[PDB]
Amino acid sequence: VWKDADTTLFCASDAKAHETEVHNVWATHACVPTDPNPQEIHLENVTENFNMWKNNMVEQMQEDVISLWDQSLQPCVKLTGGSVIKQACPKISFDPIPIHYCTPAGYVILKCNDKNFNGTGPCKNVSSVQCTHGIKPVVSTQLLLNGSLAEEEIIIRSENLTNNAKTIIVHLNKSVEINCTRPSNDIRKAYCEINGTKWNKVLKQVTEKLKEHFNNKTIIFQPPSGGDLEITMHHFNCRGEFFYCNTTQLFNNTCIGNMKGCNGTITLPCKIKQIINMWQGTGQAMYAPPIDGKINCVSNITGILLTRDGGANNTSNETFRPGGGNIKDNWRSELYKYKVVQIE
Amino acid sequence: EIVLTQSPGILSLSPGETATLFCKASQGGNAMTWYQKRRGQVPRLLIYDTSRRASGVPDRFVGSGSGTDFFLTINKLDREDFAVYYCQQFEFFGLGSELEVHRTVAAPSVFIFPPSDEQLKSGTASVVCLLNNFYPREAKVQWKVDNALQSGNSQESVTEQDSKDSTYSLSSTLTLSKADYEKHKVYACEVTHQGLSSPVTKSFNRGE
Amino acid sequence: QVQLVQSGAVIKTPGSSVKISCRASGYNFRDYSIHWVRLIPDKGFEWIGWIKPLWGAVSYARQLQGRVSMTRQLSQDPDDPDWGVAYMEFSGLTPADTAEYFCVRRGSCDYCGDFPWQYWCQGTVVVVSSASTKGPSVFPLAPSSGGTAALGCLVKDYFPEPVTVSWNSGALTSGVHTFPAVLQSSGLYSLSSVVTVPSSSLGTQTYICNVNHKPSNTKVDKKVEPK
Ligand SMILES: *[C@@H]1O[C@H](CO)[C@@H](O)[C@H](O)[C@H]1NC(C)=O
Ligand SMILES: *[C@@H]1O[C@H](CO)[C@@H](O)[C@H](O)[C@H]1NC(C)=O
Ligand SMILES: *[C@@H]1O[C@H](CO)[C@@H](O)[C@H](O)[C@H]1NC(C)=O
Ligand SMILES: *[C@@H]1O[C@H](CO)[C@@H](O)[C@H](O)[C@H]1NC(C)=O
Ligand SMILES: *[C@@H]1O[C@H](CO)[C@@H](O)[C@H](O)[C@H]1NC(C)=O
Ligand SMILES: *[C@@H]1O[C@H](CO)[C@@H](O)[C@H](O)[C@H]1NC(C)=O
Ligand SMILES: *[C@@H]1O[C@H](CO)[C@@H](O)[C@H](O)[C@H]1NC(C)=O
Ligand SMILES: *[C@@H]1O[C@H](CO)[C@@H](O)[C@H](O)[C@H]1NC(C)=O
Ligand SMILES: *[C@@H]1O[C@H](CO)[C@@H](O)[C@H](O)[C@H]1NC(C)=O
Ligand SMILES: *[C@@H]1O[C@H](CO)[C@@H](O)[C@H](O)[C@H]1NC(C)=O
Ligand SMILES: *[C@@H]1O[C@H](CO)[C@@H](O)[C@H](O)[C@H]1NC(C)=O
């Protein structure tokens, strides 16, 4: 016997005490060692309801990542509500590591193992574990990077698809590498390379999945309708530098519909910015210019964040735009199959 | 898209009674929201998630429904509850139901006003017919000039329902050029109303 | 207490753009979306779009896309840093865009969704017209004779709304009906104010309607007597 409940989780990790890399340092002070022989028990005859959109584990991850970024990514200048804050802002070592979230005594984590679970409603194949799998706190907009993959089919996740204000999480079943580089020798100019054949095939499958949920209407992509660059562009942090990539070429309807020319390498134009709008909602931060040399990180795109257009329409299609911007959604995409219960 | 169809268009009831208002959605399964809009006031949220009352909303407001059929019930009606009520789901809205005060039928007092010489001096003639203090609001006003029915050349305006005696007043304004005005003798407005055993006519003869 | 305060009513010419502001205070401005919605005479409510203040992400009603732009500005006051302003700009206006525009915000309870709007700005009336400002002509509606008689003032051909009407400088209020104005085909407004009084008094009492049209700086006192 158990009941839905919220409690203070603790974190476990394999962070190295000798690393100066910032995620390692945080976990060393915040987390405990990982368990070598994790116990997972399948629950027989048990069905359990889940709701990834109302999952307090997400709130706790959010607080931790905010804590990490506040301790570790101090800007040279901080602009908040009309105030100024000047500080040292040394370059850092930055590379997210997996963090496990775990329940203390008297609680356990229920995990949904249903292959195409969309994040809510009943789960028939449930198990009990003490800790989530290892989750890297990757902060990004538009694209989910370096996350877990859907096990079978591409999955569409939303708290309410009829609600145009709710972000849609497309969970891919096959990742597509995105390769971003700022070459050695304009120091702020960069670019990301994707295999068009790889991506356009995946995106096609995405639109096909969307049709299933949207009355077989034609699925059309458009660019973001407005907002700060952090959300109108694919925004992420590589080696401590803040990247912004123009994803216009990633959502090319001409390719997904059946033409020729669309195979081969897509090169998104990107730029590293020193002045950024902080996702923590704390205002604007100013960082020192980029480090020298070839700044490069290759990531798996494992998810897409979309908003769908609303309004008094009744057209023959639905329009989707890259977006979201609520970083909690990133944590939801990884924590969707988990919920905490209390044992009596 | 979702189409929300509210009924009835107008509901006439007395203070102390219970009103039931309906909203039918073209798509089932969504929760319903209701707003109140008193005349000339900012809209006010009443119900969300089909049955939950919003901040400061008294318990005589009761929302319910399921599938495509949704209801707002207002128990023991207060004078302030007479207003227009709108339903909503996501970005979609019903066209509203008006809750109005019921009272005994009252025939209008009818008056007719010829145009002034000063206005005539300026090339136009406004003839006005007043229907004062009646109930219900529905009335037919017909202009006749030398017994010819006039159409397309008058505009009506109706007061808000009087907060104290629950009656309405209505004006109809026939507008004619001076040249047209001066070509006819008999100007008459015929009023048809539930409170009248037969239509009432008020008239005048131009220049008499 | 949450408060949304909009900018004032405006008259716009067709082809114009209107920019409406919504000052939001009493809560953390970054934490809640603001929506815009318009209430159109004889057509009802139309949702315009939403904006999320953190990044200023937006979503516009499909049928209005190309004509609407939403932006926001966050307080720059160090001891009062949590309020903000939302702006909506609506372009290529036509008379059909004549409406009352509202900024709205959801409730903050656990079961509050995005669309049930618990908080509303006071609304901004936008009138789209090519009409020139013009003060009204005032004409008498003369009483035609115990019984009760009616008399009034016809307030004709003014723009824009509103005009205010009192009788005998406010001393006469019982039985006054000042009708909602009507928009004539000329593009100018017109209304009547009427009052019923004893026939007995028509020879003893004076009746004057006081008409004020501020947009034209026009004030008229019209004495009305039996024809
Ligand atoms: C649970 O019930 C199923 C049949 O519904 C049965 O096959 C299974 O053995 C049961 N498990 C136990 C051991 O209670
Ligand atoms: C549940 O997950 C287990 C692995 O943990 C798998 O062997 C089994 O097939 C799954 N059952 C269902 C009903 O999905
Ligand atoms: C997920 O599945 C549940 C249960 O079948 C259903 O209620 C919900 O609509 C689904 N959500 C999506 C986005 O498919
Ligand atoms: C990238 O995806 C591959 C599978 O396609 C996986 O093996 C690898 O672990 C991923 N890299 C990460 C999470 O950095
Ligand atoms: C990915 O999901 C799609 C359905 O959405 C399916 O057609 C395809 O086979 C899947 N690819 C795999 C198994 O990686
Ligand atoms: C990523 O792209 C860079 C050039 O921009 C190239 O040097 C490198 O080989 C690529 N990485 C991989 C593993 O494809
Ligand atoms: C992205 O690039 C396209 C050109 O392909 C340009 O039209 C658009 O403005 C860019 N978007 C942003 C937000 O920079
Ligand atoms: C879309 O794809 C077509 C065909 O490959 C190409 O001609 C066009 O430039 C693309 N548009 C972009 C890059 O957004
Ligand atoms: C894209 O990936 C396909 C396999 O999916 C491969 O055949 C091709 O080499 C890649 N394109 C390029 C230009 O590398
Ligand atoms: C994805 O993971 C790889 C390490 O496996 C790393 O090099 C890359 O920088 C990661 N991407 C991001 C954006 O953190
Ligand atoms: C869909 O929206 C309704 C409100 O219209 C909400 O009550 C419901 O919870 C949403 N879907 C789910 C099951 O989350």
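Note that these values count all heavy atoms, side chains included, but never hydrogens, waters or copies made by symmetry. Quick note on labels: first sequence line is chain A, next is B, and so on, each numbered from 1.
For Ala31(B), the side-chain contact (heavy atoms from CB on, under 4.5 Å) partners are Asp49(B), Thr50(B), not counting sequence neighbours. Remark: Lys164(B) engages no residue in a salt bridge (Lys or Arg N to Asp or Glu O under 4.0 Å) (not counting sequence neighbours). Every residue meeting the salt bridge (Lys or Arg N to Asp or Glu O under 4.0 Å) condition with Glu118(B), not counting sequence neighbours, appears here in chain and number order: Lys222(C).
Between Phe115(C) and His35(C), the ring planes lie perpendicular to each other; the angle is over 60°, past the 30° to 60° tilted range. Between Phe45(C) and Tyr86(B), the two ring planes are perpendicular [angle over 60°; tilted spans 30° to 60°]. The aromatic rings of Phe113(B) and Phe111(B) sit parallel to each other, their planes meeting at less than 30°, with 60° as the upper class boundary.
Scanning all heavy atoms of the two residues, the minimum distance from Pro136(B) to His193(B) falls at O-NE2, 3.0 Å. Of all the heavy atoms in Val155(C) and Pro136(C), the pair that sits closest is CG1-CB, 3.4 Å. Between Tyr60(C) and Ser69(C), the shortest heavy-atom contact is OH-CA, 3.5 Å. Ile2(B) and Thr162(A) make their closest contact through CD1-CG2, 4.2 Å (heavy atoms, listed as atom of the first residue, atom of the second, distance). Residues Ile48(C) and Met88(C) share a closest heavy-atom pair of CD1-SD, 3.9 Å. Looking at every heavy atom in both residues, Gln6(B) comes nearest to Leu95(B) through OE1-N, 3.5 Å.
There is no side-chain donor-acceptor pair under 3.5 Å between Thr173(C) and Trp167(C). No hydrogens or angles considered: a donor-acceptor pair under 3.5 Å links the side chains of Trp50(C) and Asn164(A). In this model, a donor atom of one side chain and an acceptor atom of the other lie less than 3.5 Å apart for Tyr168(B) and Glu100(B). Using a 3.5 Å distance cut-off with no hydrogens or angles, the side chains of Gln184(C) and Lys156(C) do pair a donor with an acceptor. Between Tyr181(B) and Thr124(B), the side chains place no donor N or O within less than 3.5 Å of an acceptor N or O (distance only, hydrogens not considered). In this model, no donor atom of one side chain and acceptor atom of the other lie less than 3.5 Å apart for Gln63(C) and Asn313(A). With no hydrogens or angles considered, no side-chain donor-acceptor pair links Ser91(C) and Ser17(C) at under 3.5 Å. Using modelled atom types and a 3.5 Å distance limit, the side chains of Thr204(C) and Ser201(C) yield no donor-acceptor pair. For the 3.5 Å distance criterion, the side chains of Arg38(B) and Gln36(B) qualify, holding a donor opposite an acceptor.
Under the 4.0 Å criterion applied to side-chain N and carboxylate O atoms, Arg137(B) and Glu98(B) are assigned as salt-bridge partners.
For the pair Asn153(B) (side chain) and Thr175(B) (backbone), a donor-acceptor distance under 3.5 Å is absent.
At a threshold of 4.5 Å between non-hydrogen side-chain atoms, the residues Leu4(C) and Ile34(C) count as touching. Annotation: side chain of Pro8(B) is in contact with side chain of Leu21(B) (closest heavy-atom distance under 4.5 Å). Residues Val224(C) and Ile208(C) fail the side-chain proximity criterion, which asks for heavy atoms closer than 4.5 Å.
Under the 6.0 Å distance and 45° angle rule, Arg206(B) does not count as a cation-pi partner of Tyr187(B).
Atom SG of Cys22(C) is separated from atom CZ of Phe102(C) by 11.5 Å, given to the nearest 0.5 angstrom. Here the CZ-OG1 distance, from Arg60(B) to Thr18(B), works out to 12.5 Å after rounding to the nearest 0.5 Å. Here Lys227(C) contributes atom NZ and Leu141(C) contributes atom CG; the two are 7.5 Å apart, rounded to the nearest 0.5 Å. In this structure, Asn132(B) CG and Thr196(C) OG1 are separated by 5.0 Å, a value rounded to the nearest 0.5 Å.
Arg38(C) pairs with exactly one of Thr98(C), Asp97(C), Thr124(C) by the side chain to side chain donor-acceptor pair (under 3.5 Å) rule, that one being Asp97(C). Remark: of the listed residues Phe159(C), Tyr158(C), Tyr189(C), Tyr158(C) is the sole one forming a ring pair (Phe, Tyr, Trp, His ring centres under 6.0 Å) with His213(C).
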